[PDB]
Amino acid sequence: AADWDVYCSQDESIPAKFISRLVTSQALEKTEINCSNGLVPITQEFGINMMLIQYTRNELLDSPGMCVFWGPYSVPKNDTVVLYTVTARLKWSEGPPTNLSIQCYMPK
């Protein structure tokens, strides 16, 4: 009932773009993004929704809703990328919540 993507950047100075589309009849009660600097709530409206996700905590300013990736993490397969990630929890009016993983690999 929800679709989403993340569009990752090639440099830590440019934030990633999270884009979701909500198609629903059970309503969506809450959406919470679990970021390295805290839990950020959003309200996914009918159709398209958008959010910026910063790669570094050095991009935080005194402003609402900023979200920093957890990471960077090394991955086991190779040493030419690192992983940045957040998760999202979607609480529906009925049934169990939906848990989403939002991942960006950054070349090194």
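Quick note: we count residues from 1 along the sequence shown, nothing fancier.
J.: Can you tell me how many deposited residues have no coordinates between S25 and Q26? The categories are none, 1 to 3, 4 to 9, and 10 or more.
T.: In the deposited sequence, 1 to 3 residues between these two have no coordinates.
J.: Higher mean Cα B-factor in the deposited model: 5 to 13 or 82 to 90?
T.: The stretch with the larger average C-alpha B-factor is 5 to 13.
J.: On average, are the C-alpha B-factors higher in 91 to 99 or in 14 to 22?
T.: The stretch with the larger average C-alpha B-factor is 91 to 99.
J.: Please say which third, lowest, middle or highest, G38 falls into when its CA temperature factor is compared across its chain.
T.: Highest third.
J.: By its CA B factor, does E32 count among the lowest, middle or highest third of the modelled residues in the chain?
T.: For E32, whose C-alpha B-factor we compare with every modelled residue in the chain, the answer is the lowest third.
J.: Compared with the other modelled residues in the chain, in which third is the CA B-factor of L61?
T.: It falls in the top third of the chain.
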